[PDB]
Amino acid sequence: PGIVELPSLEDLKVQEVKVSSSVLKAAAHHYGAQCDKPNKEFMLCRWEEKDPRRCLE
Amino acid sequence: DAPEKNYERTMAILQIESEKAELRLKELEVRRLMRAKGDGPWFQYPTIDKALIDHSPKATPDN
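Line by line, the protein sequences are chains Y and W. Quick note on the deposited numbering: the first sequence kicks off at 1 and runs consecutively. Quick note on the deposited numbering: the second sequence kicks off at 81 and runs consecutively.
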């Protein structure tokens with residue numbers, strides 16, 4: 001069959017959220033309030049495209 | 081019986097039995113084709129009903 005098309009290592013570079021899970025859980029409710037819109041854009045794109053490669057940006 | 085009566089009764093018998101024979105030959109050929117190709121109303125063995133599929137958004141996206 002066909003060749004699988006993977007994005008490059010440069011296309012996967014991003015500034016990571018390098019905090020622990022307790023930091024995330026402590027900030028979680030205000031993070032779900034304040035960062036609502038790009039999160040829901042991403043999860044809508046992620047459930048509609050059904051492909052992580054189409055959801056990178 | 082008159083010979084006319086037996087004669088034309090024989091013709092009615094021959095027409096009925098020849099039509100039944102032609103229908104039996106066509107029935108054999110139809111059964112052969114429908115078993116071979118599967119495109120007729122006969123030999124329709126079941127597949128899974130697609131109405132059983134859940135099309136809701138699942139817990140994970142990639143599905």
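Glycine is no exception: its CB is placed at the ideal position from the N, C-alpha and C atoms.
Check                                                                                                                                     : Outcome
Output, in sequence order along the chain, the residues in the stretch 34–46 of chain Y whose CB is closer than 7 Å to any CB in chain W. : 46
Measuring only between beta-carbons, confirm whether residue 134 of chain W sits less than 7 Å from chain Y.                              : no
Under the three-state reduction of DSSP, which class applies to residue 125 of chain W: helix, strand or coil?                            : coil
Using the beta-carbon of each residue, which ones in chain W are nearer than 8 Å to residue 50 of chain Y?                                : 141, 142, 143
When DSSP labels each residue in this structure, what does residue 137 of chain W get in the three-state scheme?                          : coil
With DSSP as the reference, label residue 57 of chain Y as helix, strand or coil.                                                         : coil
Counting only Cβ pairs nearer than 9 Å, list the residues of chain Y close to residue 159 of chain W.                                     : The requested residue 159 of chain W is not part of the displayed model; chain W covers only 81 to 143.
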